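Presented below is the structure to which this report refers.
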Amino acid sequence: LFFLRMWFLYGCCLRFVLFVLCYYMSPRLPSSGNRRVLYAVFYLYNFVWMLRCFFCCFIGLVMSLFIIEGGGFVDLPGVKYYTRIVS
Amino acid sequence: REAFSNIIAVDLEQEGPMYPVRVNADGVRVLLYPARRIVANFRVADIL
Amino acid sequence: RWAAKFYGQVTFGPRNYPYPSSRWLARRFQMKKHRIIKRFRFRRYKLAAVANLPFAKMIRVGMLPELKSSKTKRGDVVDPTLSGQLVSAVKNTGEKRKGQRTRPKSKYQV
Amino acid sequence: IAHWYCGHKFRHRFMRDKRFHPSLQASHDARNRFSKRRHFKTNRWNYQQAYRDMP
Amino acid sequence: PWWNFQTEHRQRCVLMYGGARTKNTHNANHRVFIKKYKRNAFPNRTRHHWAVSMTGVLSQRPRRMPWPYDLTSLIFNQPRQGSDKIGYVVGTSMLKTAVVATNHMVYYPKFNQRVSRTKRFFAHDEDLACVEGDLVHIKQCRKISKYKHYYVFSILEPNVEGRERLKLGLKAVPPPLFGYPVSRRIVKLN
Amino acid sequence: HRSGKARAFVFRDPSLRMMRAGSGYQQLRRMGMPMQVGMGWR
RNA sequence: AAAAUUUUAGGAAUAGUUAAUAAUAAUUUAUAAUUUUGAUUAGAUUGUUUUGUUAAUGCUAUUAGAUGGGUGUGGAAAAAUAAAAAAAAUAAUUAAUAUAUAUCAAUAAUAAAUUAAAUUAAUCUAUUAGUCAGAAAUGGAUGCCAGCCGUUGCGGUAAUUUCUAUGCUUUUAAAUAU
RNA sequence: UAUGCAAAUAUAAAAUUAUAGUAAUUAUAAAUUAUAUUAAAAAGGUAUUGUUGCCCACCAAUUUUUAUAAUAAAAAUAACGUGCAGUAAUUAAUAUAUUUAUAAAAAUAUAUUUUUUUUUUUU
Ligand SMILES: [Mg+2]
Ligand SMILES: [Mg+2]
Ligand SMILES: [Mg+2]
Ligand SMILES: [Mg+2]
Ligand SMILES: [Mg+2]
Ligand SMILES: [Mg+2]
Ligand SMILES: [Mg+2]
Ligand SMILES: [Mg+2]
Ligand SMILES: [Mg+2]
Ligand SMILES: [Mg+2]
Ligand SMILES: [Mg+2]
Ligand SMILES: [Mg+2]
Ligand SMILES: [Mg+2]
Ligand SMILES: [Mg+2]
Ligand SMILES: [Mg+2]
Ligand SMILES: [Mg+2]
Ligand SMILES: [Mg+2]
């Protein structure tokens, strides 16, 4: 188990975040493609943290806040958090 | 035929080990101890 | 010695490997050590430890406003008397006075 | 070993446990266990004439 | 009922037959450390706190617990723990006051072994017999001054060398050569 | 693996594991060693 | 009045201050006291019968409740909402029921599927997963793309690993995340 | 070439990297590789249908953590341009030391084989 990947869950299983950016990043070879990465924000003890996580979710009509869960590893190095649903 | 060359037998007068056997195969440390019943990994279990 | 012999763990091989380090690993870490040392030389690092001061905390003299290499970065704040004395030390270290013991010289020491 | 105590690695836990080990405790022989090196070579240049009131 | 499985539960209000009525405190919480400071500037001179700190006393691993059984309880029958102590006299700078260093015992049940720690006490000797380096018996008593609850009950071993040393006008014991350690380098020559 | 945990060559005799446990914390609590200085369970 | 047990990866000095005198001394007397056997500041933290795992010396929890003085009442300060303690005439015991609020607790999918409830019939209409490896597959798209990812890894026109449709698989309080 | 300063492999340790938050690991040794003057016979591989094999630093973009030193440090990384450092590898490599510098690195002083061996029991 790798315990430092969970740094921004802060001892919680799931997180609530707000959408900011959505950009694309290329995974580690030999896997080619475009991985969609959402750049999100949330606040804890009046500090505003920018969270960076893998967008696997389904976007419908335009919506703002997501639910973040931690997984195993993914093709893309450096992105620990995954998306459950969008609200 | 390699398995029939290596055949082992066991004295069943006692039906299980009466003391702990602590022995390692290459890099694999094994403990064979007396129990009330058979407890082991499924494979180890039907080997025993 | 003050400085570090190694950087990172240079002896990592399997147990009972009958040498301190393998060739491969030692070459990797020789690379990293090389880069760090080269950085020290070109940026012209200078450290000092003064008597009757906390020793673990070393005044970095290479960042002092007079001896600073960069024209841009704000260097450091060290006492005026002490900093004068440090400047004098660095300066009068440079050249060999006869009767004194010969000590290794370099471009990057100035 | 709970992962939140001490460092992020495991071995940091056992490195702070060696601080509490029974046979490792500080005494008249083993001293300054936690910082040995800040106090090293501290009195080298401190010249102290030893105390003699008897001839 | 703590011996019943997750699925076996029916009522949460009572123990049907007997056993221990147990509240489950949730031991695995994934509690975390919040990092509020830069690694450069931490607001303490001697120590730095970078992780979750273990808390409690006796709840502290590895457990270190009071050991009643040692030399002192071996020799004495004490009405109250710490009512008797045997120690050495270290220093007399205070009138009618003898400082005494004493050993007591700690037990680590994890490793199954004991350690001796040491502690200083102020003891009250009226009449000023005690010379530095005496082996003394010491007892609990009436509160005397802010820090003195102990009085010198008996001198087990006096210091004969120290007394004769005093009689000649010299200090009982030579003053220690170096004081406490420092983090500086003192250059003092001649 | 110079950097990593020490492993036993064989197992440990379980019987001995149970014999060295005689003075352990649970047995002490049963003997009554620790002083009860607080309310404890209700 | 005391004695024990006291945390921070990389560690330095602390201070209305010790002890004697005495119902003394904002300037009594003294070679004072705490600290590297880890102090004081500073971080975190509600302290010495409560938990979880385990064959087991262990590891891993345990809330909560005592925050200075200043007309000093009172046996004792515990004295400024927040009960569920009958409080100087037997208020009442045919009582345990309290409607819709809260705080931190308090484990409900209670024969989860065929013969019926020795009732008083009151609350509820209750579902998920997989389908390469390893129980279980075929069409159709897609073509290093889109996407899958517990993990080795998969995707290069034939993909038993993507998406979709349909079946099929499960040892039946769910998958997934921490 | 040991009168100033200078603790330091000879091991007390809990998966690799990393100044103790970065990536998800790393390290490793006997299979296999055609030419070294015997009356043809001894040999190495960081590759793995194996030298048209792999790899090394600087030199751009970006991503992310922070203890911001010419131009911060570290980690992900698949461009462009230099070369050819390494696999006994075109002056063998490895470690410490000191110097040097487009970049791998190079010169010297010591130890040493994770380099291949060549062998006078008084002539
Ligand atoms: Mg955590
Ligand atoms: Mg993967
Ligand atoms: Mg070098
Ligand atoms: Mg000369
Ligand atoms: Mg008030
Ligand atoms: Mg199958
Ligand atoms: Mg899927
Ligand atoms: Mg097609
Ligand atoms: Mg198909
Ligand atoms: Mg950055
Ligand atoms: Mg950088
Ligand atoms: Mg080359
Ligand atoms: Mg070379
Ligand atoms: Mg070469
Ligand atoms: Mg070299
Ligand atoms: Mg060069
Ligand atoms: Mg070199």
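Every chain in the structure tokens has a letter given in the order shown (A, B, ...), and although residue numbers restart at 1 in each chain, ligands are simply numbered from 1 in the order shown.
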All alpha helix (DSSP H) residues (DSSP, backbone) inside chain D, as a list in words: residues 11, 12, 13, 14, 15, 16 and 17 of chain D
Selection: 6 Å around stretch 161-178 of chain G, only C-alpha atoms (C1' of nucleotides), excl. self and same-chain fewer than 2 positions, as a list in words: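 Result of the neighbour search: residues 12, 13 and 69 of chain A; 109, 129, 132, 135, 136, 147, 148 and 154 of chain G.
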May I have the residues from that selection written out with N, CA, C and O atoms (P, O5', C5', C4', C3', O3' and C1' of nucleotides), as a PDB file, in the first residue's frame?
ATOM      1  N   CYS A  12      -9.762  10.971   4.670  1.00  0.00           N
ATOM      2  CA  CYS A  12     -11.141  10.748   4.287  1.00  0.00           C
ATOM      3  C   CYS A  12     -11.153   9.850   3.062  1.00  0.00           C
ATOM      4  O   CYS A  12     -10.170   9.781   2.331  1.00  0.00           O
ATOM      5  N   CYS A  13     -12.247   9.133   2.855  1.00  0.00           N
ATOM      6  CA  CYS A  13     -12.348   8.241   1.711  1.00  0.00           C
ATOM      7  C   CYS A  13     -12.688   8.985   0.423  1.00  0.00           C
ATOM      8  O   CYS A  13     -12.189   8.641  -0.643  1.00  0.00           O
ATOM      9  N   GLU A  69     -12.181  10.175  -5.550  1.00  0.00           N
ATOM     10  CA  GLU A  69     -11.804   8.945  -4.875  1.00  0.00           C
ATOM     11  C   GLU A  69     -10.407   8.549  -5.317  1.00  0.00           C
ATOM     12  O   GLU A  69     -10.042   8.824  -6.446  1.00  0.00           O
TER      13      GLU A  69
ATOM     14  P     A G 109     -29.869  -2.747   6.733  1.00  0.00           P
ATOM     15  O5'   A G 109     -30.609  -3.328   5.448  1.00  0.00           O
ATOM     16  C5'   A G 109     -32.034  -3.517   5.452  1.00  0.00           C
ATOM     17  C4'   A G 109     -32.372  -4.956   5.144  1.00  0.00           C
ATOM     18  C3'   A G 109     -31.741  -5.998   6.066  1.00  0.00           C
ATOM     19  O3'   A G 109     -32.616  -7.106   6.212  1.00  0.00           O
ATOM     20  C1'   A G 109     -31.017  -6.367   3.854  1.00  0.00           C
ATOM     21  P     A G 129     -24.316  -3.439 -11.302  1.00  0.00           P
ATOM     22  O5'   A G 129     -23.229  -3.408 -10.137  1.00  0.00           O
ATOM     23  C5'   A G 129     -21.845  -3.540 -10.408  1.00  0.00           C
ATOM     24  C4'   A G 129     -21.265  -4.702  -9.653  1.00  0.00           C
ATOM     25  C3'   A G 129     -20.369  -5.603 -10.473  1.00  0.00           C
ATOM     26  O3'   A G 129     -19.049  -5.103 -10.537  1.00  0.00           O
ATOM     27  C1'   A G 129     -21.941  -6.920  -9.306  1.00  0.00           C
ATOM     28  P     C G 132     -14.211 -11.013 -20.779  1.00  0.00           P
ATOM     29  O5'   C G 132     -12.690 -11.292 -20.390  1.00  0.00           O
ATOM     30  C5'   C G 132     -12.220 -12.604 -20.117  1.00  0.00           C
ATOM     31  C4'   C G 132     -10.784 -12.775 -20.543  1.00  0.00           C
ATOM     32  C3'   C G 132      -9.884 -13.531 -19.584  1.00  0.00           C
ATOM     33  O3'   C G 132     -10.044 -14.934 -19.698  1.00  0.00           O
ATOM     34  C1'   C G 132      -8.752 -11.622 -20.460  1.00  0.00           C
ATOM     35  P     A G 135     -12.102 -20.010 -13.848  1.00  0.00           P
ATOM     36  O5'   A G 135     -13.484 -20.028 -13.057  1.00  0.00           O
ATOM     37  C5'   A G 135     -14.322 -21.174 -13.049  1.00  0.00           C
ATOM     38  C4'   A G 135     -15.780 -20.780 -13.060  1.00  0.00           C
ATOM     39  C3'   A G 135     -16.263 -20.072 -14.311  1.00  0.00           C
ATOM     40  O3'   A G 135     -16.595 -20.993 -15.334  1.00  0.00           O
ATOM     41  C1'   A G 135     -17.023 -18.907 -12.397  1.00  0.00           C
ATOM     42  P     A G 136     -15.928 -20.887 -16.789  1.00  0.00           P
ATOM     43  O5'   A G 136     -17.035 -20.142 -17.656  1.00  0.00           O
ATOM     44  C5'   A G 136     -18.421 -20.321 -17.396  1.00  0.00           C
ATOM     45  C4'   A G 136     -19.197 -19.058 -17.680  1.00  0.00           C
ATOM     46  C3'   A G 136     -18.811 -18.346 -18.962  1.00  0.00           C
ATOM     47  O3'   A G 136     -19.528 -18.863 -20.069  1.00  0.00           O
ATOM     48  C1'   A G 136     -18.899 -16.792 -17.162  1.00  0.00           C
ATOM     49  P     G G 147     -12.229   9.371 -24.085  1.00  0.00           P
ATOM     50  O5'   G G 147     -11.663   7.978 -23.557  1.00  0.00           O
ATOM     51  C5'   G G 147     -12.215   7.352 -22.408  1.00  0.00           C
ATOM     52  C4'   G G 147     -12.423   5.875 -22.626  1.00  0.00           C
ATOM     53  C3'   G G 147     -11.860   4.960 -21.555  1.00  0.00           C
ATOM     54  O3'   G G 147     -12.655   4.898 -20.388  1.00  0.00           O
ATOM     55  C1'   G G 147     -11.263   4.119 -23.664  1.00  0.00           C
ATOM     56  P     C G 148     -11.941   4.940 -18.951  1.00  0.00           P
ATOM     57  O5'   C G 148     -11.518   3.428 -18.703  1.00  0.00           O
ATOM     58  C5'   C G 148     -12.509   2.421 -18.634  1.00  0.00           C
ATOM     59  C4'   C G 148     -11.923   1.047 -18.815  1.00  0.00           C
ATOM     60  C3'   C G 148     -11.059   0.526 -17.683  1.00  0.00           C
ATOM     61  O3'   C G 148     -11.828   0.023 -16.607  1.00  0.00           O
ATOM     62  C1'   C G 148     -10.047   0.037 -19.774  1.00  0.00           C
ATOM     63  P     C G 154       0.344  -5.825 -23.508  1.00  0.00           P
ATOM     64  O5'   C G 154      -1.226  -5.578 -23.632  1.00  0.00           O
ATOM     65  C5'   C G 154      -2.112  -6.667 -23.832  1.00  0.00           C
ATOM     66  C4'   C G 154      -3.561  -6.237 -23.871  1.00  0.00           C
ATOM     67  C3'   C G 154      -4.043  -5.529 -25.125  1.00  0.00           C
ATOM     68  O3'   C G 154      -4.243  -6.402 -26.227  1.00  0.00           O
ATOM     69  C1'   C G 154      -4.903  -4.426 -23.228  1.00  0.00           C
TER      70        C G 154
END
Interface residues on chain E facing chain A, 9 Å, only C-alpha atoms, written as an MDAnalysis selection string: chainID E and resid 29:34
Distance filter 12 Å, only C-alpha atoms (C1' of nucleotides), chain G against chain C, as an MDAnalysis selection string: chainID G and resid 10:12
Surrounding residues of residue H:28 excluding itself and chain neighbours under 2 positions, 10 Å, only C-alpha atoms (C1' of nucleotides), as JSON, numbers by chain: {"C": [12, 13, 14, 15, 17, 22], "F": [1]}
Kindly save the residues from that selection, with N, CA, C and O atoms included, as a CSV table (one decimal), in the first residue's frame.
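Contents of result_21.csv, as written:
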chain,number,residue,atom,x,y,z
C,12,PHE,N,24.0,-0.7,-2.5
C,12,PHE,CA,22.6,-1.3,-2.4
C,12,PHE,C,22.5,-2.8,-2.7
C,12,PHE,O,21.4,-3.4,-2.5
C,13,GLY,N,23.5,-3.4,-3.2
C,13,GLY,CA,23.4,-4.7,-3.8
C,13,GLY,C,22.8,-5.8,-2.9
C,13,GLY,O,22.6,-5.5,-1.7
C,14,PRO,N,22.5,-7.0,-3.4
C,14,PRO,CA,21.9,-8.0,-2.6
C,14,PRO,C,22.9,-8.4,-1.5
C,14,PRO,O,24.0,-8.1,-1.5
C,15,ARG,N,22.3,-9.0,-0.4
C,15,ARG,CA,23.2,-9.3,0.7
C,15,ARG,C,24.3,-10.3,0.3
C,15,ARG,O,24.1,-11.0,-0.6
C,17,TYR,N,26.8,-9.5,-1.2
C,17,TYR,CA,27.5,-9.1,-2.5
C,17,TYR,C,28.9,-8.8,-2.1
C,17,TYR,O,29.1,-7.9,-1.3
C,22,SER,N,28.4,-2.2,-6.7
C,22,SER,CA,28.5,-2.8,-8.0
C,22,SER,C,29.1,-1.7,-8.9
C,22,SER,O,29.1,-0.5,-8.5
F,1,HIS,N,19.9,-7.7,-0.2
F,1,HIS,CA,19.2,-6.4,0.0
F,1,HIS,C,19.8,-5.8,1.3
F,1,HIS,O,19.2,-5.9,2.4
Ligand 9 neighbours within 8 Å using only C-alpha atoms (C1' of nucleotides) and all ligand atoms, as a list in words: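 I would give the residues around ligand 9 as residues 138, 159 and 160 of chain G.
Rounded to one decimal, atom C1' of residue G:53 and atom CA of residue E:28 lie 10.8 Å from each other.
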Near-ligand residues for ligand 3, threshold 12 Å, only C-alpha atoms (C1' of nucleotides) and all ligand atoms, as a VMD selection string: (chain C and resid 5 to 6 27 29 to 38) or (chain H and resid 95 to 100 105 to 108)
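Every protein, DNA or RNA residue with an atom at most 12 Å from stretch 70-87 of chain G, where only C-alpha atoms (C1' of nucleotides) count and chain neighbours fewer than 3 positions away do not, is listed here: residues 65, 66, 91, 92, 102 and 103 of chain G.
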Emit the selected residues as a PDB file, in the first residue's frame, including N, CA, C and O atoms (P, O5', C5', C4', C3', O3' and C1' of nucleotides).
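Done, and the output landed in result_17.pdb:
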ATOM      1  P     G G  65     -16.287  17.669  28.064  1.00  0.00           P
ATOM      2  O5'   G G  65     -16.058  17.938  29.623  1.00  0.00           O
ATOM      3  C5'   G G  65     -17.096  17.706  30.569  1.00  0.00           C
ATOM      4  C4'   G G  65     -16.557  17.244  31.905  1.00  0.00           C
ATOM      5  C3'   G G  65     -15.536  18.150  32.583  1.00  0.00           C
ATOM      6  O3'   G G  65     -16.070  19.303  33.209  1.00  0.00           O
ATOM      7  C1'   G G  65     -14.726  15.971  32.643  1.00  0.00           C
ATOM      8  P     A G  66     -15.214  20.669  33.215  1.00  0.00           P
ATOM      9  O5'   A G  66     -13.738  20.233  33.668  1.00  0.00           O
ATOM     10  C5'   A G  66     -13.418  19.933  35.029  1.00  0.00           C
ATOM     11  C4'   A G  66     -12.748  21.092  35.732  1.00  0.00           C
ATOM     12  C3'   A G  66     -11.427  21.560  35.124  1.00  0.00           C
ATOM     13  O3'   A G  66     -11.304  22.958  35.340  1.00  0.00           O
ATOM     14  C1'   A G  66     -11.074  20.940  37.360  1.00  0.00           C
ATOM     15  P     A G  91     -46.516  14.222  47.725  1.00  0.00           P
ATOM     16  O5'   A G  91     -47.399  14.668  46.473  1.00  0.00           O
ATOM     17  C5'   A G  91     -48.592  15.426  46.635  1.00  0.00           C
ATOM     18  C4'   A G  91     -49.266  15.658  45.307  1.00  0.00           C
ATOM     19  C3'   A G  91     -49.450  14.412  44.449  1.00  0.00           C
ATOM     20  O3'   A G  91     -50.617  13.676  44.778  1.00  0.00           O
ATOM     21  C1'   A G  91     -48.415  16.086  43.158  1.00  0.00           C
ATOM     22  P     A G  92     -50.492  12.151  45.277  1.00  0.00           P
ATOM     23  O5'   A G  92     -50.132  11.329  43.954  1.00  0.00           O
ATOM     24  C5'   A G  92     -51.042  11.264  42.863  1.00  0.00           C
ATOM     25  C4'   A G  92     -50.362  10.894  41.565  1.00  0.00           C
ATOM     26  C3'   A G  92     -49.688   9.531  41.519  1.00  0.00           C
ATOM     27  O3'   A G  92     -50.601   8.490  41.252  1.00  0.00           O
ATOM     28  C1'   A G  92     -48.234  11.164  40.622  1.00  0.00           C
ATOM     29  P     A G 102     -33.144  21.360  16.587  1.00  0.00           P
ATOM     30  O5'   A G 102     -32.060  20.208  16.366  1.00  0.00           O
ATOM     31  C5'   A G 102     -30.772  20.267  16.973  1.00  0.00           C
ATOM     32  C4'   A G 102     -30.485  19.023  17.789  1.00  0.00           C
ATOM     33  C3'   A G 102     -29.036  18.536  17.791  1.00  0.00           C
ATOM     34  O3'   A G 102     -28.190  19.245  18.696  1.00  0.00           O
ATOM     35  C1'   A G 102     -30.478  16.711  17.341  1.00  0.00           C
ATOM     36  P     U G 103     -26.994  20.196  18.161  1.00  0.00           P
ATOM     37  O5'   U G 103     -25.662  19.345  18.416  1.00  0.00           O
ATOM     38  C5'   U G 103     -25.245  18.983  19.731  1.00  0.00           C
ATOM     39  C4'   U G 103     -25.110  17.480  19.896  1.00  0.00           C
ATOM     40  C3'   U G 103     -23.800  16.846  19.431  1.00  0.00           C
ATOM     41  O3'   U G 103     -22.708  17.018  20.326  1.00  0.00           O
ATOM     42  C1'   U G 103     -25.593  15.577  18.590  1.00  0.00           C
TER      43        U G 103
END
8 Å contact set for stretch 48-52 of chain A, only C-alpha atoms (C1' of nucleotides), chain neighbours under 2 positions out, as a PyMOL selection string: chain A and resi 8+37-44+46+54+79+81
All residues having an atom within 12 Å of ligand 4 (only C-alpha atoms (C1' of nucleotides) and all ligand atoms) as an MDAnalysis selection string: (chainID C and resid 96:103) or (chainID H and resid 1)
Please write the residues from the selection above to a file, keeping N, CA and C atoms (P, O5', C5', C4', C3', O3' and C1' of nucleotides), as a PDB file, in the first residue's frame.
ATOM      1  N   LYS C  96      49.607  31.879  -1.912  1.00  0.00           N
ATOM      2  CA  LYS C  96      50.606  31.240  -1.054  1.00  0.00           C
ATOM      3  C   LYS C  96      51.675  32.211  -0.548  1.00  0.00           C
ATOM      4  N   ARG C  97      51.725  32.342   0.771  1.00  0.00           N
ATOM      5  CA  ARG C  97      52.773  33.072   1.458  1.00  0.00           C
ATOM      6  C   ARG C  97      53.868  32.064   1.798  1.00  0.00           C
ATOM      7  N   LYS C  98      55.128  32.393   1.526  1.00  0.00           N
ATOM      8  CA  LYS C  98      56.202  31.431   1.787  1.00  0.00           C
ATOM      9  C   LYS C  98      56.456  31.225   3.289  1.00  0.00           C
ATOM     10  N   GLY C  99      56.672  29.969   3.677  1.00  0.00           N
ATOM     11  CA  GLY C  99      56.812  29.588   5.072  1.00  0.00           C
ATOM     12  C   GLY C  99      55.509  29.005   5.600  1.00  0.00           C
ATOM     13  N   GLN C 100      54.409  29.393   4.957  1.00  0.00           N
ATOM     14  CA  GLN C 100      53.089  28.812   5.195  1.00  0.00           C
ATOM     15  C   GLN C 100      52.954  27.512   4.413  1.00  0.00           C
ATOM     16  N   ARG C 101      52.089  26.609   4.857  1.00  0.00           N
ATOM     17  CA  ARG C 101      51.952  25.343   4.141  1.00  0.00           C
ATOM     18  C   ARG C 101      51.099  25.482   2.902  1.00  0.00           C
ATOM     19  N   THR C 102      51.618  24.919   1.819  1.00  0.00           N
ATOM     20  CA  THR C 102      50.965  24.946   0.523  1.00  0.00           C
ATOM     21  C   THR C 102      49.605  24.276   0.574  1.00  0.00           C
ATOM     22  N   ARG C 103      48.600  25.018   0.134  1.00  0.00           N
ATOM     23  CA  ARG C 103      47.223  24.572   0.185  1.00  0.00           C
ATOM     24  C   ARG C 103      46.654  24.680  -1.239  1.00  0.00           C
TER      25      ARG C 103
ATOM     26  P     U H   1      57.951  17.457  -1.470  1.00  0.00           P
ATOM     27  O5'   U H   1      56.818  17.805  -0.402  1.00  0.00           O
ATOM     28  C5'   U H   1      55.440  17.755  -0.757  1.00  0.00           C
ATOM     29  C4'   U H   1      54.670  16.816   0.137  1.00  0.00           C
ATOM     30  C3'   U H   1      55.519  16.058   1.166  1.00  0.00           C
ATOM     31  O3'   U H   1      54.815  15.939   2.404  1.00  0.00           O
ATOM     32  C1'   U H   1      54.342  14.521  -0.199  1.00  0.00           C
TER      33        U H   1
END
